[PDB]
>>> print(open('model_6.txt').read())   # compact mmCIF, C-alpha atoms
# COMPACT_ATOMS: atom_id res chain seq x y z
CA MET A 1 -18.90 -10.91 -16.23
CA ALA A 2 -15.93 -13.21 -15.55
CA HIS A 3 -13.06 -10.72 -15.90
CA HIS A 4 -9.88 -11.65 -14.02
CA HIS A 5 -6.34 -11.14 -15.35
CA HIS A 6 -3.40 -9.92 -13.27
CA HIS A 7 0.12 -9.09 -14.51
CA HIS A 8 3.23 -10.33 -12.69
CA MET A 9 5.35 -9.40 -15.73
CA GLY A 10 7.43 -7.20 -13.44
CA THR A 11 7.50 -3.85 -11.66
CA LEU A 12 7.67 -0.24 -12.89
CA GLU A 13 7.89 2.88 -10.73
CA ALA A 14 7.37 6.52 -11.73
CA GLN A 15 6.91 8.42 -8.45
CA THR A 16 6.83 11.93 -9.92
CA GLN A 17 5.66 13.21 -6.53
CA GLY A 18 6.01 11.70 -3.06
CA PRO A 19 7.25 13.58 0.06
CA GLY A 20 4.37 15.87 0.96
CA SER A 21 1.55 14.38 -1.11
CA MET A 22 0.35 11.08 0.40
CA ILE A 23 2.76 8.41 -0.85
CA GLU A 24 6.05 8.75 1.05
CA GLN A 25 9.10 6.45 0.82
CA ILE A 26 10.60 5.01 4.02
CA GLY A 27 13.62 2.92 4.96
CA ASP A 28 14.38 0.08 7.38
CA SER A 29 15.53 2.06 10.43
CA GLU A 30 12.49 4.37 10.27
CA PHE A 31 9.97 1.78 9.02
CA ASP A 32 8.75 0.61 12.43
CA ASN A 33 9.75 4.00 13.86
CA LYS A 34 6.99 5.88 12.04
CA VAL A 35 4.73 2.91 11.15
CA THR A 36 4.39 0.75 14.28
CA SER A 37 4.92 3.58 16.77
CA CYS A 38 2.14 5.55 15.04
CA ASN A 39 -0.25 6.39 17.89
CA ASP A 40 -2.05 9.07 15.84
CA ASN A 41 -4.71 6.47 14.94
CA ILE A 42 -4.07 7.38 11.30
CA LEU A 43 -4.21 4.56 8.72
CA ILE A 44 -0.77 3.78 7.29
CA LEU A 45 -0.56 1.71 4.10
CA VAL A 46 2.91 0.30 3.38
CA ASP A 47 3.40 -1.16 -0.12
CA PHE A 48 6.25 -2.98 -1.89
CA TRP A 49 6.24 -2.04 -5.62
CA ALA A 50 4.00 -0.85 -8.45
CA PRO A 51 3.02 -3.51 -11.06
CA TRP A 52 3.56 -1.45 -14.23
CA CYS A 53 1.53 1.26 -12.51
CA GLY A 54 3.08 4.10 -14.49
CA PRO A 55 1.52 7.04 -16.40
CA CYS A 56 2.84 5.46 -19.61
CA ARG A 57 1.32 2.00 -19.05
CA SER A 58 -1.45 1.92 -16.43
CA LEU A 59 -1.44 4.52 -13.65
CA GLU A 60 -4.59 3.32 -11.90
CA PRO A 61 -3.98 1.93 -8.38
CA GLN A 62 -6.61 1.71 -5.62
CA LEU A 63 -4.30 3.74 -3.40
CA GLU A 64 -4.66 6.95 -5.45
CA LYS A 65 -8.42 6.58 -5.71
CA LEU A 66 -8.97 6.34 -1.94
CA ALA A 67 -5.97 8.42 -0.79
CA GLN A 68 -7.11 11.41 -2.88
CA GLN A 69 -10.19 11.45 -0.63
CA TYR A 70 -8.77 10.15 2.66
CA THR A 71 -5.33 11.81 2.35
CA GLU A 72 -5.51 13.37 5.84
CA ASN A 73 -6.63 10.01 7.26
CA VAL A 74 -4.22 7.76 5.30
CA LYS A 75 -0.48 7.66 4.60
CA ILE A 76 1.04 5.33 1.99
CA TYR A 77 4.69 4.38 2.54
CA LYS A 78 7.05 2.67 0.10
CA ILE A 79 8.89 -0.03 2.05
CA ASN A 80 12.46 0.31 0.69
CA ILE A 81 13.51 -2.86 2.55
CA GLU A 82 11.33 -4.97 0.26
CA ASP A 83 14.19 -7.30 -0.60
CA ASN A 84 14.38 -8.70 2.94
CA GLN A 85 11.18 -8.69 5.03
CA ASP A 86 9.54 -11.97 6.06
CA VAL A 87 6.45 -9.98 7.02
CA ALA A 88 5.07 -11.24 3.71
CA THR A 89 5.96 -14.76 4.88
CA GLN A 90 4.10 -13.97 8.11
CA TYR A 91 1.01 -13.12 6.05
CA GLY A 92 1.94 -15.97 3.71
CA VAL A 93 1.16 -13.76 0.72
CA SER A 94 1.96 -14.63 -2.90
CA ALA A 95 1.11 -11.66 -5.09
CA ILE A 96 2.64 -8.56 -6.68
CA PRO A 97 2.37 -6.27 -4.93
CA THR A 98 1.07 -6.30 -1.35
CA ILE A 99 -0.01 -3.44 0.93
CA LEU A 100 -0.26 -3.58 4.75
CA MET A 101 -2.45 -1.36 6.95
CA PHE A 102 -1.26 -0.17 10.39
CA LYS A 103 -2.93 2.11 12.95
CA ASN A 104 -2.26 2.80 16.66
CA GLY A 105 0.48 0.16 16.54
CA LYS A 106 -2.17 -2.33 15.46
CA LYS A 107 -2.62 -4.36 12.26
CA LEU A 108 -5.97 -3.76 10.53
CA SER A 109 -5.95 -5.17 7.00
CA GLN A 110 -3.78 -5.90 3.93
CA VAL A 111 -4.37 -5.21 0.22
CA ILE A 112 -3.47 -8.41 -1.64
CA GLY A 113 -3.53 -8.19 -5.42
CA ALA A 114 -5.84 -5.72 -7.15
CA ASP A 115 -9.43 -5.89 -5.88
CA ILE A 116 -10.92 -2.39 -5.56
CA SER A 117 -14.13 -3.86 -4.07
CA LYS A 118 -12.02 -5.55 -1.37
CA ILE A 119 -9.68 -2.63 -0.64
CA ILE A 120 -12.56 -0.19 -0.18
CA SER A 121 -14.18 -2.74 2.11
CA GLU A 122 -11.14 -3.10 4.39
CA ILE A 123 -9.96 0.54 4.25
CA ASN A 124 -13.40 2.13 4.80
CA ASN A 125 -13.78 -0.34 7.68
CA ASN A 126 -10.83 1.24 9.53
CA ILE A 127 -11.40 4.89 8.54
CA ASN A 128 -14.31 7.25 7.91
>>> encode(input="model_6.txt", output="C-alpha cells")
Amino acid sequence: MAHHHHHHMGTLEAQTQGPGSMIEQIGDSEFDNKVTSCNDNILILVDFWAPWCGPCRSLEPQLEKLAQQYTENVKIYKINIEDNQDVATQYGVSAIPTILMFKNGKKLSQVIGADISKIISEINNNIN
C-alpha cells in the first residue's frame, strides 16, 4: 500500500473560473483586509500555486473536492504576493504548494502537501 510520490517539477495554473465560484484571487493590500478581518466565521483557505493542477495534466486538488460541498462555508483565495511572504517561514513549511486556513481572525489549520485524509481531517474539524 506504500504509495507516496509528490511532484515539485514546477507550477501550472489554469483558472478558467474564479471570481464568483469559490476560488478567488487576492492581492497584498486586500489580503489581510478580507482574510484576517473576516469576522463572518467562514473558513478562508489561502493558497500559493497549483502543482501542475491543470485540466490537461492533473486537475484533482483537495480544494475542489471539499469546496464543491462546503462552498458557502469556505472561500479559497490565491495569494498573489507569494513571492514575498515569510508566513511560510513562520510555519516553517517546505512544500509546493501550501494552503492556510483562517476564520474569525484566527488561524485554524494549514494544508501542507497533498494529503486528502489530512485536509478533510483539519477542514471538517473547523466547519460542518
>>> closest_residue(input="model_6.txt", among="A:65, A:93, A:86, A:105", to="residue 34 of chain A", atoms="all atoms listed in the file")
A:105
>>> residues_around(input="model_6.txt", residues="segment 14-31 of chain A", least_positions_apart="5", cutoff="6 Å", atoms="all atoms listed in the file", output="list in words")
residues 54, 75, 76, 77, 78, 79, 80 and 81 of chain A
>>> closest_residue(input="model_6.txt", among="A:112, A:95, A:126, A:51", to="residue 9 of chain A", atoms="all atoms listed in the file")
A:51
>>> closest_residue(input="model_6.txt", among="A:7, A:2, A:32, A:97", to="residue 48 of chain A", atoms="only C-alpha atoms")
A:97
>>> atom_distance(input="model_6.txt", atom1="atom CA of residue 53 of chain A", atom2="atom CA of residue 70 of chain A")
20.4 Å
>>> closest_residue(input="model_6.txt", among="A:82, A:67, A:50, A:62", to="residue 115 of chain A", atoms="all atoms listed in the file")
A:62
>>> atom_distance(input="model_6.txt", atom1="atom CA of residue 117 of chain A", atom2="atom CA of residue 36 of chain A")
26.5 Å
>>> atom_distance(input="model_6.txt", atom1="atom CA of residue 12 of chain A", atom2="atom CA of residue 52 of chain A")
4.5 Å
>>> closest_residue(input="model_6.txt", among="A:89, A:13, A:108, A:125", to="residue 55 of chain A", atoms="all atoms listed in the file")
A:13
